[PDB]
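Structure first, commentary second.
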Amino acid sequence: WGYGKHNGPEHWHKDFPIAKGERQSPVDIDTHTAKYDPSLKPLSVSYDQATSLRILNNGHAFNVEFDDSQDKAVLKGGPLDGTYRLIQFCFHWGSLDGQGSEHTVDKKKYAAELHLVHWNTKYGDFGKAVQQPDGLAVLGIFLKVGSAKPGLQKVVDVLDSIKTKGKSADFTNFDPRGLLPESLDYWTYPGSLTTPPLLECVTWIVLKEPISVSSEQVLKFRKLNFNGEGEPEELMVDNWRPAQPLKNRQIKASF
């Protein structure tokens, strides 16, 4: 699978039949229909003691991996039960600044989407968490081009070194708190991973305030390549699945 016209999203169903599932992601959020539910707790994001390891180009995105050992970077609260521990984050962007995000709000697309992916400790690991409908909790955060985000700056400057499918940069001591918005209100719906295997195990929490990145910072994401060392240059852009059928399903709102 990949994101091309021949191995892209419209073909994922041949190999991961679940792509045609009851609760696939992304979806588009129509606000003039999400349900404000007076019972969603706030967010208890405690990223005090979050330890990053490496950032890597895996040929569909770049991700940054964290050390998920004691209950140190954890997401609690929200629609969640248990401690969700942090494994990595995903970043989706477009071939231009008006496409890139996976979730749309009232059909509007942002310039990018960041995903911090966490797994439920009650299942002992990432491995055994994904076969369960309550196994992962993912905060999706939208990016709009505005003034720069100082916290994203270290991410945009190391990208020179993970340019091609397969390179890895060492990247310790990055603080995921410098990527978050001011407000933590959100919309939550149950869904899948947006990438193959496309497993329906995710309670998604999308944040309503985006974060401003300057177009110089978004342009750095666009210098990266899908292709591996050697082979002809396939620029890594538009690494996003389109919005999928909601299936009645309701998106609830904290606000």
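The numbers here are math on the coordinates, done by the rules we state, and not lab data. Using ideal geometry, Cβ is built from the backbone for each residue, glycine included, and neighbour counts are taken over all protein chains shown.
What FRET efficiency comes out for the pair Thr121/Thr31, r = Cβ-Cβ distance, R0 = 41 Å, nearest 0.05?
Efficiency, from the Cβ-Cβ distance: 0.80.
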From the cross-link list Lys149/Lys208; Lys20/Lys247; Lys72/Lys220, which pairs have alpha carbons spaced over 20 Å apart? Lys72/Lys220
Taking 0.36 nm per intervening residue step and subtracting the Cα-Cα distance, what contour gain separates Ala148 from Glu231 on full extension? 26.5 nm
Using alpha carbons only: equivalent-ellipsoid semi-axes of segment 121-207, gyration tensor based, whole Å: 26, 20, 13
The alpha-carbon center of segment 53-115 and that of segment 214-251 are separated, in whole Å, by 13 Å
What does a probe at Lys20 reach in segment 215-250, counting residues whose amide N is under 19 Å from the point 7 Å along Cα→Cβ? 242-248
When a/c reaches 1.5 or more, the comparison of a/b and b/c decides; with that in mind, is the chain rounded, prolate or oblate per its Cα gyration tensor? rounded
With a ≥ b ≥ c from the Cα gyration tensor eigenvalues, square-rooted, and the rule rounded for a/c under 1.5, otherwise prolate when a/b > b/c and oblate otherwise, segment 6-49 is oblate
Note the full-extension length gain between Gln49 and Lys72 as 0.36 nm times their separation in residues minus their Cα-Cα distance, in nm to one decimal. 7.8 nm
Say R0 is 35 Å: what FRET efficiency, to the nearest 0.05, do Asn7 and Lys223 get from their beta-carbon distance? 0.95
Only counting other Cβ atoms within 10 Å, I'd like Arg23, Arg222 sorted with the fewest neighbours first. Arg222, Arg23
Ranked output for segments 65-78, 223-236 by mean other Cβ atoms within 10 Å, highest leading, reads 65-78, 223-236
